[PDB]
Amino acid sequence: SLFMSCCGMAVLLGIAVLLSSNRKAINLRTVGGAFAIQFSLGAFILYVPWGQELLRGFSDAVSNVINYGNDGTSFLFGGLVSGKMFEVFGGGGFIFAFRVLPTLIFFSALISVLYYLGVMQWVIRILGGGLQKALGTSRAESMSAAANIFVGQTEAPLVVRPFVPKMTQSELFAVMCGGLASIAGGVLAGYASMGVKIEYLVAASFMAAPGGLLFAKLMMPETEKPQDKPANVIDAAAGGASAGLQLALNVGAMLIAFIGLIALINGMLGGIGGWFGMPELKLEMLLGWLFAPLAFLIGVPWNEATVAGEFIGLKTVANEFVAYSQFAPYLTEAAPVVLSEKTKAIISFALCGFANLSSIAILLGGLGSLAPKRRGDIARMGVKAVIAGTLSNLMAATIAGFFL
């Protein structure tokens, strides 16, 4: 029943302790409160009636903004994003390149506008302030954690830019983990446009802030001593649209290559596996068979662990965008395998994060440009930070599955 979930949380906590740089340096107030916040946050917005209402209210607001932004892409691509497409091409009428990718552009512009107005800084200051006061974490790493709820791993540390070059190894590691444990507002709307429940996306985003700090301070406790704009609103929107455009082009090119490469891998795996009497061997079977214990450990039923392992594994070995692309058909009525609603939630939560190996190179560029003499430390702690970010997503998925 609920025993598998509580054991799941214990195992995830245990792995982080075993991989800690110094277990005797672990601050029990910090890691105790961080888990308490992430757990209570899950209890609040997924179990308690009032918290569920606030979550649905924020989600519907997000859903309304997406529809508003869709007027922009409707102007550019016209009938190619209309209802007539489904009458002609059926299911293939949904053109991903025109339906999902342009949303990255609009939300990037919106976020840039909200930064110019000071709305974002206002929310981050409140959330980040409450974290450091309750966990004892430093000012800079707390703000970066709160910022990571809404923006990406490279944009989040920008709110504490002048503090990055001199922050401790534990601080830098937490900053990295904050970005790896979360996603971004732009891609969130993209995943929502692909069928992923917004309530799960918003929840996992907020739970990433304490969850990121949790496993960061578990695996890399503080052993040192920490310390302590566009001309107008229209320029802000333009700059945001430009950054979103570049992102949309990068994501699209990645999806063409990766999905194409996976198809190539499956073709080769069919021939190689055939030598051992398994010609039906594919990448999905390997990932599913290898991540099934992990899926089962976080609350996925025994008969659904293998399928759930495919998506979780693909997110790890590649990225969450590719995983969501393969998981999205399982959210429609034309799903090859009908999954339970709890399993759908667990997969949604466990995928909601930038935790992968390729994100290390991105951290080296974005976060590294803020502190060029610290690129060595980023590369050194890269793998451990990904593991920490993975544990945070898995913990959030276990918590979500518990109250569901």
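All residue numbers are counted from 1 along the displayed sequence.
The modelled chain is continuous from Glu280 to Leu281, with every intervening residue of the deposited sequence accounted for.
The deposited model assigns a higher average Cα B-factor to 325 to 333 than to the other stretch when 137 to 145 and 325 to 333 are compared. Comparing 271 to 279 with 146 to 154, the higher mean C-alpha B-factor in the PDB entry belongs to 271 to 279.
Per the deposited record, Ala43 carries the highest C-alpha B-factor of all listed residues (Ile66, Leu364, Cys352, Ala43). Annotation for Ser358: C-alpha temperature factor in the middle third relative to the rest of the modelled chain, per the entry.
The entry lists a Cα temperature factor for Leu286 that places it in the highest third of the chain's modelled residues.
Ranked within its chain, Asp235 lands in the middle third, by CA B factor from the PDB record. Among the modelled residues of the chain, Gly260 sits in the lowest third by CA temperature factor in this PDB entry. Remark: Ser20 belongs to the middle third of its chain, ranked by C-alpha B-factor as recorded.
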